Amino acid sequence: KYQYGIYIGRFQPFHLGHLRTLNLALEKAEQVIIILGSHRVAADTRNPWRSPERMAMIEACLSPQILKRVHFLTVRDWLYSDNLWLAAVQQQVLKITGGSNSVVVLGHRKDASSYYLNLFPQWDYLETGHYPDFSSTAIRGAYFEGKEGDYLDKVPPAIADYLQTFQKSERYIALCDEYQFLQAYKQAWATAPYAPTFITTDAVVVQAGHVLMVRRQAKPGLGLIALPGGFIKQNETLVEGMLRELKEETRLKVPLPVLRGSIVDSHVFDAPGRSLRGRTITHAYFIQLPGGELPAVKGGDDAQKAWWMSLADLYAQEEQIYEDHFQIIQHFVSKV
Amino acid sequence: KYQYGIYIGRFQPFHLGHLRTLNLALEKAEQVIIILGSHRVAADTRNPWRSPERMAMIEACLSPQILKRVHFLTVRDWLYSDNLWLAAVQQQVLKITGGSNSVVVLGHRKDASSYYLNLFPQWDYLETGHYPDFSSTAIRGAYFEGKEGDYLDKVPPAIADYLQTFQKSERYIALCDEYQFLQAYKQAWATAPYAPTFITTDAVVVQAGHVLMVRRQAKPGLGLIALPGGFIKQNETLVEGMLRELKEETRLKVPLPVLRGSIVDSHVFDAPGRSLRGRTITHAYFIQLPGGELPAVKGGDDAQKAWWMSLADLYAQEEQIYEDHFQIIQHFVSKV
Amino acid sequence: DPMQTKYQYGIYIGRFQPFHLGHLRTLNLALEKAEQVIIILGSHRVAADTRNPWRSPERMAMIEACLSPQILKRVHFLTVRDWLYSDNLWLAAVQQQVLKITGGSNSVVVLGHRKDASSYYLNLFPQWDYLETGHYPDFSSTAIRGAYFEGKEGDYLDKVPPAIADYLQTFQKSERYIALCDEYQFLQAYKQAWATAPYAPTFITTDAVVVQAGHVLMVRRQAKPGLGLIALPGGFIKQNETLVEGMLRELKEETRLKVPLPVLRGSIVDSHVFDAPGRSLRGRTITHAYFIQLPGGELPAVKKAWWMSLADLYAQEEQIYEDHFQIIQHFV
Amino acid sequence: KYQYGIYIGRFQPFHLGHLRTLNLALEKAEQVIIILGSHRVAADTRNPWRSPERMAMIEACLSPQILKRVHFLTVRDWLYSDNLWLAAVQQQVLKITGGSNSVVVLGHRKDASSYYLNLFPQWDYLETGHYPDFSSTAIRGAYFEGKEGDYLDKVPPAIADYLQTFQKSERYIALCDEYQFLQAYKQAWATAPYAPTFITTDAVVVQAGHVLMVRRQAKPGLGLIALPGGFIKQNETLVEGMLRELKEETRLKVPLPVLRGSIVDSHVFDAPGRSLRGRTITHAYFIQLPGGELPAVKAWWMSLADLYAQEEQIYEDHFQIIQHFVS
Amino acid sequence: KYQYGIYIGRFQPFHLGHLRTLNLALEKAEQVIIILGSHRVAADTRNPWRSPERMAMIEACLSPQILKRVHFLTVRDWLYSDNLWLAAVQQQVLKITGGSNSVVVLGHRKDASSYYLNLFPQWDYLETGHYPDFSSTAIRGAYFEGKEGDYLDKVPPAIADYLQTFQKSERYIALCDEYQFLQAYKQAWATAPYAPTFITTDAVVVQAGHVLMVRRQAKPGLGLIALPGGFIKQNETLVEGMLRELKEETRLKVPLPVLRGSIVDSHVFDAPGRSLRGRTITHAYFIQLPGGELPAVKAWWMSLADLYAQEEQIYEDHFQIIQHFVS
Amino acid sequence: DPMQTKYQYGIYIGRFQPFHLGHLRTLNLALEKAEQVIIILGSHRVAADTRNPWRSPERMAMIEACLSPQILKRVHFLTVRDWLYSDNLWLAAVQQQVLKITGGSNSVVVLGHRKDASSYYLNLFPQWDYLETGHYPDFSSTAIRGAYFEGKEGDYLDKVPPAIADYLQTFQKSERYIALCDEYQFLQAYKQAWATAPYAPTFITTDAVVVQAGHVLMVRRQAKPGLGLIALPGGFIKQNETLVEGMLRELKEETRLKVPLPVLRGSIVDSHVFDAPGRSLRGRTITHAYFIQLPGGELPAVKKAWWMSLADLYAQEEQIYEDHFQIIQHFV
Ligand SMILES: NC(=O)c1ccc[n+]([C@@H]2O[C@H](COP(=O)([O-])OP(=O)(O)OC[C@H]3O[C@@H](n4cnc5c(N)ncnc54)[C@H](O)[C@@H]3O)[C@@H](O)[C@H]2O)c1
């Protein structure tokens, strides 16, 4: 009934709801294209598995024979440009679709994040409705809490196998820790009269095509590469707080007045899901340092340190970058 | 010992600590210049009395004879430009000082807000030290709570008289109400694991040299003139929330897409004391509407309404404008 | 419900300087055409001069005195500033003011007469009907103002409502009346002196807009007209100097600003020519205004001249000379 | 006593009063350089003789021995760029000076228009003057009226001879007529309480690298090439004045609204001596029309090349006005 | 049959092949307009005769009856702005056309350089050609070698007569020499696997409204006025090449570092026929020096006015390069 | 504690293509001068070509094979990309890489020899000492690469360490060796054909940088050199076309982009000339790159050509031809 069927998701993990839709797709179209979103996002409690792992997981639920008509595509996130995303999807799809006009998109409008499901009017849209009782969020929560009965009856058996092997790895132990932390963090705000909103700053300091970075020291994202930034204090201005944090986390050897006078731009980042803590809006300041020897910063140990990274280094380690920091850098790179 | 002595304050109200310093000034200099800060700020729980009232209050504590060597100056706030403030102080002072170089500034470095006390190196600075037990904040709190024994023994007798007459007015009843509200508002956050930070948007919509305004409907600032704005919701972007609030408070008859496409600039306002609620940082969006008939907006009743105001109207009613909204408008007026 | 009139609202715009019998005829026509009438007092807060001698509360008192309290229940007075170089701004102000009364009604008519060039605004309200009344001969506020400052009572007493006559007879004893006569005479002599010129004269002046730290350098006028009004430093261009030279010369004469000419020269960020034909009552005066932005810090000393804040300018709007507030507005 | 000596002037005409300084020059320096100012300026009552003609005059007054240690250099006027002029001057100097550092400039500050003798600081300046009094203004005045007695005693015999021959000239008639018109024009303002001040607009209209020009229909500079321009009326804005004047003088086939919309810039030209009628300040508006057919319109479109070739025939300072909007 | 008729060409020289179209023109329209292209272009082996000279030639070939219904119009070249050219063409047309709408343009698209006959769309176009074959390239080739037999049978008797007289000319020697040099230069590249491609830099140095110029020391266009410029060496960047070339040809007294810092702009000039040596693309760098003394340096500073006056003596397309950075 | 060496750290930068006996002599000198030696492998991730035949892990394996494990405890290998038009970027990368080893020490010396124009970088580390070694005759990596691709073993076997000889003898049997010989021969013939030209030839090409929605239009190279590498669409300028025409012509030839020339013409936002003397191995090639920004939406179809994301370009850095990555970087 269609030559091509597209199913997009994160599949973190692939569950019985997803398989139902993936089965429906196999009925409605000859070739099936699975699009693995959030490609190369750093692993966190919302996206635990890398996209090759997610492909293996899905493949393990299907037969070699049905796999003959199944195509995997991975697509990065561009949290601040839907158009860069759309284009990448079109381009990845085209390479399979030849160019055909016989194409459906299967999905369910679950919530606010499902808005993309109608940015393909070019193609047809098959809404599936909700399938009770299959919730990725519930599955992940159960899994990090070690409650097997709340997830085993919700994933394909090949998925349960995978979750059980993966339960042995270092990543799982780190993700359990990070999950306990967030849960406690959110719980500590449970008696607020209103959902809280968090304000942070971030410093984007660039010298001779390099950006000053740190390894995160506090949860969440412990150990990931990040911009130097943090929570605004009650009595400081955004610039002040930005400078205070830059100094605390990098001990950059440049006097505060030249730092101030080197701020050439700033920009607010407010994607509602940028941070799992929390609604967290960050104010990023772009600082351009002049030519010369690379500026000195604390050489603490290695997990304690700060260092300078070129764009090449940045792309090379894309999946080690915290939250949307790669996007913040890319925004100011478009400015220069 | 000096030809001229400068004492700057808000004096809300003038208390025994202030009188001590004002007396010390009268010993140390021939002429005394009192500078009434926060001129033409809308009345709130932090600045209850207008600057002519504050002058009357101070005059009532002094004798006609000593008043012969006392000079009053009023100066506006410019929360985002210390330089505009400094200049205005210099200019107001010069008109009394003739131009003399014999000038001291008396004060006490109480807290972060006292930072201005050393932006006059031109002139000498006499630090007085703290005088125990004389706190404006404590005085105001006591007064709005009606607890006379906590303030009577802290102000000059002429000040106690004034507070007692003023306790009859409509302003006092409104300020009591507003004070109860804030107190309860802050108390409701008392069990937060961290001081909360608030995020709001504000829309600065301009057509044919007019700015769209509202009369505030919620406390605090009930009844004051304000920009249309409000709290960001958890799942909306800043622009989205800005547009949602503009529509809720003005029902402006301009379709959302043309509104979006008319945003020409935005700017963050983060003076830590802009709002008495709360650390509240607002994100203001400047929208330029094209020439033509003045856009329709809700004509509700009068306290329920929205309307268009020229800069002239704005200056004419400066002391009816909420928090720092006049400053936000002035920022974008410097852009055009 | 059957209306007794064609429209809900009638708008009658003017200076009314003073209200004369022509104006009352149109006002009466408006009372026949609309249930409620809106009088718009233009030139609100303009420095009293020979073209605009009465302030808006005086003009409202004058018109009120011609009308019975039953009619006054149907009349609403609104004031609106002039913004000589910005018609869009003015159009919006009129609209916003009218809306306080109108509640948004679309049943609205503007009454007037396209008298001369200054009446162009009558076709800028297409959202409302327009009712041309034709000319009433000859009622002329210019002629009436002339007769009044010249003391020729026979030429205006039969041109104005009896209540206006009374008000005029009373105002005639004020200090403002004397001040106005003095200024009227000066302008009359001034134009006199050019009467034998082969063409109408065109005057060239320069004005200096000097700004540092949100303050504009202003002076009090030492010569007529507008004697004692607040103004920008400026004056007439001499025959052998450039505009910039004239500008700086005149700035030094009037303020004695303690800044070297060479740094004043280098501090000129912009300039603009202001040429509204009626900006000055002395004759056609076209002015060259120069925006000078001083590097921040302590304000330079001057010798009456002073640094005035933007808030203070708005606060003393009505003491400002000619178009000078608009000149400042243009730059800051 | 000096290797090289420089004397700059308009010499309109060359008078005894120059000659004496010229003589004083030949004494103080071995080589003498005479710079003829105002090169290629349209002929008018301030500047009647072309620079070749002025060369001829100053030559006749010299015997060849002398004429053979004197070099003649012409310099254009750029009324609004002194730097450009100083440069053109010192570059033309080098042609002869070769690069010498033993140089003297002679003259004296007579008025305001003699300001050009503080710069140059790289050479030595010897002040003569005042020689009271020979006055070219007075001499051109005398010469144009007919008061022969007032100037024969004032200029060298050879000059007088050339002036004499020139009276027959086709130009002398038109230049006489111009002198009468200006003297009358100025006279008509004598009852004014203050010196009058004239305001004009000029339109600079440019399409496909051509500027719209006209021949002047009215005195002064009648028949010269000019920008469309005129006197502001009492009740029009500068913009509306510029536009009516443009339509009057050229009847340009472009709708008024499109013309308003095509204004990309404007500039005020205010040199005190730009107009001989008295102090006239002009407001120039630069209109820039989209590519394509040249619009219908003596008025005609003229290229930047055309203008340069005919710089001689351009009114007043209209060339500098054009140049200002072009670079 | 038509009121007005237009025929545009370089006519270098006027050949039988033109004449026939000219004849065909006189037949089809009552008035004939001949537009002499390439007006004021320095004389070179593609364009040997000035436009007055070309007028003279085409006149001799006509009897006055005929010569009296033919008008001659000159148009400059602006190699990089066709619009400017089209405009100058149709404006000069109107001088004669008065404003007529019965007009025809004659010729035919021979090659790439004949593209200019699609525009104009406002007139009627009648295609002649091809007339196989008379070839000016071949004729100028013959003429410059000495192969008389190759062109006498190709051009009108009067043309031949003028060419004959011209052989004696001071120019014909230098133009012959140029032809030999180019033919040799091109010949030296015959063993190349592909047509060669030349890269040069030019420096456009500008202070106080003057541009630095030089006389060409090397063939081609020897002795003409040019920008300081040269061939890129194998291991220098364009910037460093431009700068060494600038110092070589002018010995400009300004430190290299200041010169780097004063570069405000650069532009590539790439018209296929700009250089007669073969495909040469030049990279022009615009250096803008601060006001004051003109720096020490045949090289000399030259005003925009000077350049316009001497446009005749300017190499290749160097005038257009200057003009590009000025407006 | 008494040091046995002058410095704590010695830095030796090169391509080492291949490591020969000259390099080993300097390396040995560095081991005498510093306690720890840092070898910087330049040209990391550059597409293998006749100037850079071995990738950095191969070059590290090669140098490792010449050294005893006791010496290797003192040697540290670091890699660094080329950024042909940005020396500041490169200088910073070297500094940052060195700092991983140095801990910030100031006791640091760079050893090398100012051989030719490409050695300019040796004076751009003033924060460190420089030790000029002088020239060793004649060891030449160019000559050794020449002999090796030409199969003349006598000309290089005695120029290189025995371990390098072994590695060379082994690599010689790979498919990459054949590919390199093929390309070497092509370039050699190419230059051959120009040998009788009166001056060194200068080549002119155009390149098109077409971008829509964060994607650059790329091709796979159909002709040598760099056959099968990813590249921008471009080629040689024809004799009678303009650069823009050439650019568009060549863009159409190589990609068959379904966009009309007139809209391609109107979409050129910027252009830049790239002229590093060694950008291309064929001879001096100077290129004109044109930035074309297509209006957003669906990407236009093409016919091998494709739209490549900026992330994918970085991911496939090493498959890119000549300086093309730097050309893209310049614009986006
Ligand atoms: N600009 C951008 O970078 C951009 C924009 C939009 C989306 N994205 C990316 O695309 C991906 C979006 O995928 P997702 O997070 O919505 O995928 P998901 O894994 O949550 O769900 C995949 C699909 O299955 C459906 N589904 C899940 N549970 C269901 C249930 N129980 N019943 C019926 N249907 C159910 C979902 O609605 C969805 O259509 C993410 O990677 C996101 O980051 C990127």
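Within every chain, numbering begins at 1; the chains are lettered A, B, ... in the order of the sequence lines, protein sequences first and strands thereafter. Order of listing sets the numbers, starting from 1, for every ligand and every atom in it.
With ring centers used as reference points, A/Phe198 lies under 6.0 Å from A/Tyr185. For B/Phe231 and A/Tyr194, the distance between ring centers is not under 6.0 angstrom. Under the 6.0 Å cut-off for aromatic ring centres, A/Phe120 and A/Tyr125 do not qualify, their centroids lying 6.0 Å or more apart. For A/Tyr162 and A/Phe14, the gap between ring centers reaches or exceeds 6.0 Å. Two rings, from B/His283 and A/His283, have their centers less than 6.0 Å apart. Taking the six-membered ring for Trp, A/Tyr285 and A/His267 have ring centres at least 6.0 Å apart. Two rings, from A/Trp123 and A/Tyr4, have their centers 6.0 Å or more apart.
Contact annotation for A/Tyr116 and ligand 1: only side-chain heavy atoms (C-beta onward) come within less than 4.0 Å of the ligand. Under 4.0 angstrom from ligand 1, there are no non-hydrogen atoms of A/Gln12. Counting heavy atoms under 4.0 Å from ligand 1, residue A/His18 touches it through the side chain alone. Counting heavy atoms closer than 4.0 Å to ligand 1, residue A/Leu79 contributes backbone atoms (N, CA, C, O) but none from C-beta onward.
Here's the thing with A/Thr128: none of its N/O atoms is less than 3.5 angstrom from an N/O atom of ligand 1. Ligand 1 has a nitrogen or oxygen under 3.5 angstrom from a nitrogen or oxygen of A/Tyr7. The shortest N/O to N/O separation between A/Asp77 and ligand 1 falls below 3.5 Å. Considering backbone and side-chain N/O of A/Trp78, one or more are found under 3.5 Å from N/O of ligand 1. Among the atoms of A/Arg109, none of the N or O lies under 3.5 angstrom from an N or O of ligand 1. Ligand 1 has an N or O atom lying under 3.5 Å from an N or O atom of A/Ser38, backbone or side chain. In terms of polar-atom proximity, A/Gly107 is not counted as a contact of ligand 1, lacking any N or O under 3.5 Å from an N or O of the ligand. When only interatomic distances are considered, the shortest N/O to N/O separation between A/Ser113 and ligand 1 does not fall below 3.5 Å. Considering backbone and side-chain N/O atoms, A/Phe11 comes within less than 3.5 Å of an N/O atom of ligand 1. Note: an N/O pair closer than 3.5 Å links A/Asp82 and ligand 1 by distance alone.
Looking at A/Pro196 and A/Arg279, their side chains never come closer than 4.5 Å, going by heavy atoms from C-beta outward. By the 4.5 Å heavy-atom criterion applied to side chains, A/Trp49 and A/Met57 are counted as neighbours.
Protein heavy atom closest to atom 33 (C) of ligand 1, with residue, atom name and distance, is A/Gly129 O, 3.3 Å. In this structure, the protein non-hydrogen atom closest to atom 32 (N) of ligand 1 is A/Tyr131 N, 2.8 Å. Counting only heavy atoms of the protein, atom 31 (N) of ligand 1 lies nearest to A/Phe134 O, 2.9 Å. In terms of protein heavy atoms, atom 18 (P) of ligand 1 is closest to A/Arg10 N, 3.8 Å. Ranking the protein heavy atoms by distance from atom 6 (C) of ligand 1 puts A/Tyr115 OH, 3.3 Å first. In this structure, atom 22 (C) of ligand 1 lies nearest to the protein heavy atom A/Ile8 O, 3.4 Å. Of all protein heavy atoms, the one lying nearest to atom 10 (O) of ligand 1 is A/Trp85 CZ2, 3.7 Å.
Residue contact check for ligand 1: A/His15 places a non-hydrogen atom closer than 4.0 Å to it. By the 4.0 Å heavy-atom criterion, A/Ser135 is excluded from the residues contacting ligand 1. A heavy-atom separation below 4.0 Å is not found between A/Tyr80 and ligand 1.
Between A/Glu319 and A/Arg50 there is a salt bridge, since a side-chain N of the basic residue sits under 4.0 Å from a carboxylate O of the acidic one. Remark: A/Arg171 engages A/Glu53 in a salt bridge, criterion side-chain N to carboxylate O under 4.0 Å. Checked for salt-bridge contact, B/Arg244 and B/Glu236 meet the test: a charged N lies under 4.0 Å from a carboxylate O. Look at A/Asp133 and A/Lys154 and you find a salt bridge, because one of the NZ, NE, NH1 or NH2 atoms lies within 4.0 Å of a carboxylate O, short of that distance.
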How far apart are the C-alpha atoms of F/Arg45 and F/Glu317, what are their side-chain angles, what is the distance that settles it, and do they pass the salt bridge (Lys or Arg N to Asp or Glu O under 4.0 Å) test?
CA-CA 7 Å; F/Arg45 246 80 162 146; F/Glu317 197 166 3; 5.1 Å; no
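Relative to the ring axis of A/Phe11, A/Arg54 does not place its NZ or CZ within 45° and under 6.0 Å from the centre.
Within ligand 1, the atoms closer than 4.0 Å to a non-hydrogen atom of A/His108 are 33 (C), 34 (N), 36 (C), 37 (O), 39 (O), numbered from 1 in the order shown. Interface of A/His130 with ligand 1, defined as ligand atoms under 4.0 Å from a residue heavy atom, comprises 30 (C), 31 (N), 32 (N), 33 (C).
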